[PDB]
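This report refers to the structure that appears directly beneath it.
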Amino acid sequence: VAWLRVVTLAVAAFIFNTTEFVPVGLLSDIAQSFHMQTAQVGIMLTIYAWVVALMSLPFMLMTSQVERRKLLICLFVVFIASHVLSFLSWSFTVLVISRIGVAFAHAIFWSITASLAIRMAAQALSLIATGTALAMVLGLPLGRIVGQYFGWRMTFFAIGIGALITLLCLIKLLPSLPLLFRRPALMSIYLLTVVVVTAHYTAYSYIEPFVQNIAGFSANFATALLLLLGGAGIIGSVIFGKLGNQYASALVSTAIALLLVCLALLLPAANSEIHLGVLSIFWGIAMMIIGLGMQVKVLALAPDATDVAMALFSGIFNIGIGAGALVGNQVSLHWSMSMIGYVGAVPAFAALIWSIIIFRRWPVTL
Ligand SMILES: CCCCCCCCCO[C@@H]1O[C@H](CO)[C@@H](O)[C@H](O)[C@H]1O
Ligand SMILES: CCCCCCCCCO[C@@H]1O[C@H](CO)[C@@H](O)[C@H](O)[C@H]1O
Ligand SMILES: CC(C)S[C@@H]1O[C@H](CO)[C@H](O)[C@H](O)[C@H]1O
């Protein structure tokens, strides 16, 4: 019952995190159906993200008063309704309105999920994280291939059904802030996160219309990279799993360094299928190391109020996604979408330094 009552959430984290990134493999399709240009559709990522940023904190506030599995139901219900609206969406406006619906559930979910794994008890958090992790590897790739044969609306409708079958699996298994603002080390971590995420989502958001409209390759080759990155992620995630309980500083910095490289070398490694592919192998490995790197450290640094740690982590993570989407959008629209790799490499340089600085300053851990 423990493993189940938690594996059900680990799955549940897979759904929410799967959803928000699926648009990355669906920009062309979504654009085609609405007679706009790829990058223009990129903003539904920012809108989503920034709603999760704005509401992660106020929503949990209001919601924590009354917080049974009841709340998960109403998330899932809204999640499921919104996803039905995406499928029916009769304008790119209606689509993005639907994305807010999801984001409202998203916002609330990810405040809560940190604790609940523990309340059914631990290492409940790896499971959650495994789900988080298995989103990039199975979720997003398979979401593209579905969007290939069947198109984007079915992809969105599909996910809505998961939420249900998992909701039903869910129902069968049932029953502050100034202190953190005054942990500079935690704040510094919250800082590093915001920045490095913007760096990565400058580029990663538009990788599809990049591999298609800019590097010239097939829409199959794009889908190919997305698989490679996900699995690259498995390597990355299991490098950490086995080696992140120590070495956390060094891994994270070298990772961020690796990311730096990849972002700079995006345009030069294009026109070299094998090149972009390796890039993908390294990029991916960096992505998960950095991604889990922060979650682990925030939790470490905030034992007495983990969920509020995580509530902040959630929101402040989503600033970076909207940031990177938007800057990625704007470079693509106004100067060239080839300079997304380079533009993003600027926030990544800063982060490398900030990384090394703060790990020197606070070597304490465990
Ligand atoms: C102040 C210097 C910036 C350093 C980063 C410290 C975290 C503060 C960022 O605030 C953000 O704005 C939202 C608006 O409501 C809030 O919900 C929530 O706090 C958070 O997502
Ligand atoms: C010279 C010493 C370097 C140490 C300073 C740490 C880097 C913090 C910069 O973050 C800024 O925050 C914005 C998000 O709000 C970003 O979008 C913006 O591009 C970036 O400029
Ligand atoms: C980049 C993805 C992991 S999204 C990210 O996951 C985090 C930890 O799993 C936080 O809980 C955020 O709420 C969520 O948006």
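FYI, residue positions are counted from 1 along the chain as it appears here.
Quick check of the header: X-ray crystallography, 3.1 Å.
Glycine is treated like the rest: Cβ placed from N, Cα and C.
Annotated topological domain 'Periplasmic' per Swiss-Prot: 27-40, 143-155, 205-220, 329-338, in sequence order, evidence recorded as sequence analysis. Among the features that Swiss-Prot reports, topological domain 'Cytoplasmic' is placed at 62-71, 242-249, 295-307. Annotated transmembrane segment per Swiss-Prot: 6-26, 41-61, 72-92, 94-114, 122-142, 184-204, 221-241, 250-270, 274-294, 308-328, 339-359, in sequence order, evidence recorded as sequence analysis.
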Next item on the list: Could you tell me how many residues in the topological domain 'Periplasmic' (329-338) are helical, how many are strand and how many are coil under DSSP?
Entry: 6 helix, 0 strand, 4 coil
Check: Counting Cβ pairs under 8 Å that sit 6 or more residues apart, are there three or more between the transmembrane segment (308-328) and the transmembrane segment (94-114)?
Finding: yes
Checklist line | Proximity verdict for the transmembrane segment (339-359) and the transmembrane segment (122-142), three or more C-beta pairs under 8 Å | finding: no
Next item on the list: Look over the recorded stretches 6-26, 184-204, 221-241, 250-270 and say which has the most C-beta pairs under 8 A to the transmembrane segment (72-92).
Entry: 6-26
Check: Are the transmembrane segment (250-270) and the transmembrane segment (184-204) near each other by the rule of at least 3 C-beta pairs under 8 angstroms (pairs 6 or more apart)?
Finding: yes
Item checked: CB contact flag for the transmembrane segment (221-241) and the transmembrane segment (94-114), at least three pairs under 8 A -> no
Check: To the nearest Å, how long is the straight line joining the Cα atoms of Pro175 and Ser176 across 11 unmodelled residues?
Finding: 26
Next item on the list: Please report the end-to-end Cα distance in Å across the unmodelled region of 5 residues, from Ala121 to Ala122, as a whole number.
Entry: 7
Check: Apart from its near flanks, which chain residues at least 6 from the ends of the topological domain 'Periplasmic' (143-155) lie with a Cβ under 8 angstroms of it?
Finding: 18, 22, 25-26, 29-30, 33, 86-87, 89, 219, 223, 226
